[PDB]
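[1] Can you look at this? It's an experimental structure, sequence on top.
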Protein chains: 6
Amino acid sequence: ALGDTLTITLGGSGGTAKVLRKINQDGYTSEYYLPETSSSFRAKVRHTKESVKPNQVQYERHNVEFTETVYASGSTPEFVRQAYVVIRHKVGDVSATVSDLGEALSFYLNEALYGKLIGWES
Amino acid sequence: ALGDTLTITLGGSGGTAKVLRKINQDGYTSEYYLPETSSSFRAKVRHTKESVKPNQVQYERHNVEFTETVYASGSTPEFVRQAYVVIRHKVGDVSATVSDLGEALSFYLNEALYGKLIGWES
Amino acid sequence: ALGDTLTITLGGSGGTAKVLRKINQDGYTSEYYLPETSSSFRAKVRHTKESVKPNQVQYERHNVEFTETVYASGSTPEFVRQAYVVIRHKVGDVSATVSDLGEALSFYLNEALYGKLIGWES
Amino acid sequence: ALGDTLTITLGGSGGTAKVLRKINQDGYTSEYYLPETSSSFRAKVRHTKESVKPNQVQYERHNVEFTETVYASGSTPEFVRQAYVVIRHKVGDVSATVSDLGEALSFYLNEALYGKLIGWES
Amino acid sequence: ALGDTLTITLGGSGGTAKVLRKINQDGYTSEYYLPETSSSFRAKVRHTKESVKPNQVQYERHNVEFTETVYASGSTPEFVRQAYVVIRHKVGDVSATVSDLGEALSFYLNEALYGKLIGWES
Amino acid sequence: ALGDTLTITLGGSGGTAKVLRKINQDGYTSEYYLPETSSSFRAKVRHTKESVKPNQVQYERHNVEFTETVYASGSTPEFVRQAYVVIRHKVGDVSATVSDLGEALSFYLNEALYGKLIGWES
Ligand SMILES: [Ca+2]
Ligand SMILES: [Ca+2]
Ligand SMILES: [Ca+2]
Ligand SMILES: [Ca+2]
Ligand SMILES: [Ca+2]
Ligand SMILES: [Ca+2]
Ligand SMILES: [Ca+2]
Ligand SMILES: [Ca+2]
């Protein structure tokens, strides 16, 4: 129940919010979409329970994925831009704790960092 | 660059800083580490360049992954808490633009949201 | 969006409104329903995205279908009355333009025309 | 006997009427066409009697289809825009009743609705 | 078409509200969920159409089910508490009428009565 | 220990009372009945103790079921209208607590809600 729309604010808390509309919801999965003119935006939220095995811990996996599809322009073919996250924890873990990691990741990942990453810096 | 240490600030900004040390770097990858008594933290950075197809756009992937390994204690076996991000764009893409989508995601993913996610809200 | 209810106004504008309720949504599809004693109404919305071919334009299909199911009575077996529309355009196409063609069709299809059609007039 | 021409009024009862010429008529089927410069328009009207089976109701099916073909422009390949309708009823059904549905569909499908559909809303 | 949330008011009217979040909706089936520290609540709604048979009436089933799950606590293993209702009627029946029977049941089943049932008073 | 009669108030509180007569009581099971000119009402109460298994919790089921049976009328064959509830909990659970969940269900299930269910609103 995340809502009927999902807003992607390009460039961070700065601005250029793209409000996507819920387009589908199946198997603990939602999809939002916003067609635009020269590109379209899409967001997916999925939840999964990793395959239980005999003598081992069972994990849950949560995923959020943003995708921008840039339509072909003349000779330039169509391509995509995409970013997503995956949170993974044992079933029964302390959510608050889990939330703190990832909360830490979002914090770590900022404009300056993405810049470096794209530059292949490690 | 990217640094010799990497700080995972649990709970996000103002949270508990865990400063890891770069301990290894192979195959366009980095591994930072910070051992403790009860658990250990590990962060990995990975860069990939999907293969050139005859008639296709060639993409690059950038991945950052935080992992807290909680050592087994008593009856409770060892388990993990993990969160990671993946950025994917075509080769010649405009960095700023791409970065903006990642910034949008980091911005979207806050404590409140993570809560809902763990609660299986789609 | 699109609504939680869907109103089928028999006889067109000013006709008999039949307001159905959304009862299901799976695979980029919606199903609205309104049961009655003698018959039941059902409306389905479907979205499709034809597969990417090596050297071809990729199309999307949008379909809306009204269906009145008249339950069997006496010797008269159960039968149906059904009308539906399909809109098809390439992926990056200009929405306004596309919409205009659908508007042209809705406009073309009025009572008088439907009459002729049923009369096999070509 | 729908006439020698068929007018497609783009954007609805607003304007931009494209008057297509009858181009062929075979097997209870007519085809109109209008070549234009950067695109061409085509309309098809078909009538069918669904395959009779032993112990079941037999249906008739009527179809009207508008198609705009946009010729290739430089690097941009040729593509199409298309919208069509299908009315389906048992043989012997009360035409007026049948006409009311569809009459209801045309009414339902307007600029605002098409907008949403193209946006993949359900 | 039920709603992003579903509230379970323990102890009936004026009791303790537990607002669950819609987690999924698929085969004409909904699922709400609300995880908590010591237990979790889950509600499901299911609609069925019983097996259509030759010379017989066609029935529909409507089910609603509440389930609190108390997580294991020390020696005490995990267990649940369930309460669910089923409404069954033939296709075409008069909703108002059918509804009256369900209302009769809800009305009948109050605290005093549940007490007796749990007490095995037949 | 239920009572010589059981009243089914159609339409819930303030509705039409149908006081049924206890007809039998045997395997921790009761049965009330009230025959009428055009239909008959019948209520049943059943208590069960689920299959006791090795390393598992032992559950008990409590069921109550209302059934109006409308006798065949001319062409219209005979059919029923059912509504029943099931309460399930482990042996030893706290009655008050369990009861609260049933009360929550009864409270939740009102006329408006039944309307939606019959309407297949999931
Ligand atoms: Ca930026
Ligand atoms: Ca669904
Ligand atoms: Ca926190
Ligand atoms: Ca009319
Ligand atoms: Ca227009
Ligand atoms: Ca001919
Ligand atoms: Ca109580
Ligand atoms: Ca009532």
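    Yep, it's here. Numbering: from 1, shown residues only, chains lettered A, B, ... in the order given. Ligands and ions are numbered 1, 2, ... in the order given.

[2] Which parts of chain A are helices?
    For chain A, applying DSSP state H gives helices covering A:95-108, A:111-118.

[3] can you tell me which of the ones you listed comes nearest to residue C:71?
    helix A:95-108 (50.4 Å; Cβ to Cβ). For every residue, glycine as well, the C-beta is placed using N, CA and C.

[4] how distant is that closest one from the center of its chain?
    15 Å (Cα atoms, centre = their mean, to the nearest Å).

[5] tell me which strands and helices that helix is in contact with?
    Counting contacts by 3 or more Cβ pairs under 8 Å, 6 or more residues apart in numbering or on different chains; DSSP states H and E, helix A:95-108 packs against strand A:79-90, strand B:5-10, strand B:59-70, strand B:79-90, helix B:95-108, helix B:111-118.

[6] Would the third one count as contacting chain C?
    No - for a cut-off given as Cβ under 8 Å from any Cβ of the partner chain, strand B:59-70 has no contacts with chain C; the smallest distance is 15.5 Å.

[7] can you tell if that strand touches chain A?
    Yes - Strand B:59-70 reaches chain A (Cβ under 8 Å from any Cβ) through B:59, B:62, B:64, B:66, B:68.

[8] List the contacts of the last one.
    For residue B:68, the residues meeting the contact criterion (Cβ atoms under 8 Å, 6 or more residues apart in numbering or on different chains) are A:101, B:39-42, B:80-82.

[9] quick one, what contacts the residue nearest the centre of chain A?
    For chain A, the residue sitting closest to the mean C-alpha position, by Cα atoms, centre = their mean, is residue A:65 at 2.5 Å. Residues near residue A:65 by Cβ under 8 Å, 6+ apart: A:43-46, A:82-85.

[10] again with residue A:88
    Per Cβ under 8 Å, 6+ apart, neighbours of residue A:88: A:50, A:59-62, B:80-83.

[11] Surely residue A:46 touches residue A:25?
    No - at 10.7 Å, residue A:46 does not count as touching residue A:25 under the criterion of Cβ atoms under 8 Å.

[12] Residues that sit against both of those two, list them.
    With Cβ under 8 Å, 6+ apart as the test, residue A:46 and residue A:25 both reach residue B:122.

[13] Between these two, point out the one with more neighbours.
    residue A:25 (21 against 18; other Cβ atoms under 10 Å in any protein chain shown).

[14] in chain A, what residue is nearest ligand 1?
    residue A:11 (3.6 Å; Cβ to the ion).

[15] beta partners for the residue nearest to the centre of chain A?
    Beta-bridge partners for residue A:65, by DSSP bridges, are residue A:44, residue A:84.

[16] was I right about residue A:89 contacting residue A:57?
    No - in this structure, residue A:89 is not within contact of residue A:57 by Cβ under 8 Å, at 9.7 Å.

[17] higher neighbour count, the two?
    Neighbours per residue, other Cβ under 10 Å: of residue A:89 and residue A:57, the larger number sits with residue A:89, 25 against 18.

[18] I'd like the distance between the closest residue to the more buried one other than its chain neighbours and ligand 7.
    Closest residue in space to residue A:89, ignoring its immediate chain neighbours: residue A:98 at 4.6 Å, by Cβ to Cβ, 6 or more residues apart in numbering or on different chains. According to Cβ to the ion, to the nearest Å, residue A:98 and ligand 7 sit 35 Å apart.

[19] Also residue A:18?
    48 Å.

[20] What's the local residue count around that residue?
    Residues within reach of residue A:18, counting by other Cβ under 10 Å, total 20.

[21] That one pairs with what?
    residue A:8.

[22] Thought residue A:5 was touching it, still the case?
    No - look at residue A:18 against residue A:5 with Cβ under 8 Å: they stay out of range, at 10.0 Å.

[23] Could you see whether chain F lies near stretch A:25-33?
    No - legend: contact between stretch A:25-33 and chain F by Cβ under 8 Å from any Cβ is lacking; minimum distance shown is 12.0 Å.

[24] quick one: that stretch near ligand 2?
    Yes - applying Cβ under 5 Å from the ion, one finds stretch A:25-33 in contact with ligand 2 at A:25-26.

[25] Within range of chain C, give me the residues from chain A.
    A:4, A:21, A:23-26, A:35, A:37-38, A:71-72, A:78.

[26] how about 6 Å then?
    A:24, A:26, A:71 (Cβ under 6 Å from any Cβ of the partner chain).

[27] quick one: which of those is nearest residue E:121?
    Using Cβ to Cβ, residue A:26 comes nearest to residue E:121 of the residues of chain A next to chain C, at 44.4 Å.

[28] rewinding a little: roughly how far apart are the residue nearest to the centre of chain A and residue A:99?
    For residue A:65, the distance to residue A:99 (Cβ to Cβ, to the nearest Å) stands at 19 Å.

[29] swap in residue A:54?
    29 Å.

[30] surely residue A:66 meets residue B:105?
    Yes - using Cβ atoms under 6 Å, residue A:66 is in contact with residue B:105, at 5.4 Å.

[31] joint contacts of the two?
    residue A:83 (Cβ atoms under 6 Å, 6 or more residues apart in numbering or on different chains).

[32] where's residue A:63 relative to ligand 3, distance?
    For residue A:63, the distance to ligand 3 - Cβ to the ion - is 20 Å.

[33] and if you look at residue A:108?
    Residue A:108 is 14 Å from ligand 3, by Cβ to the ion.
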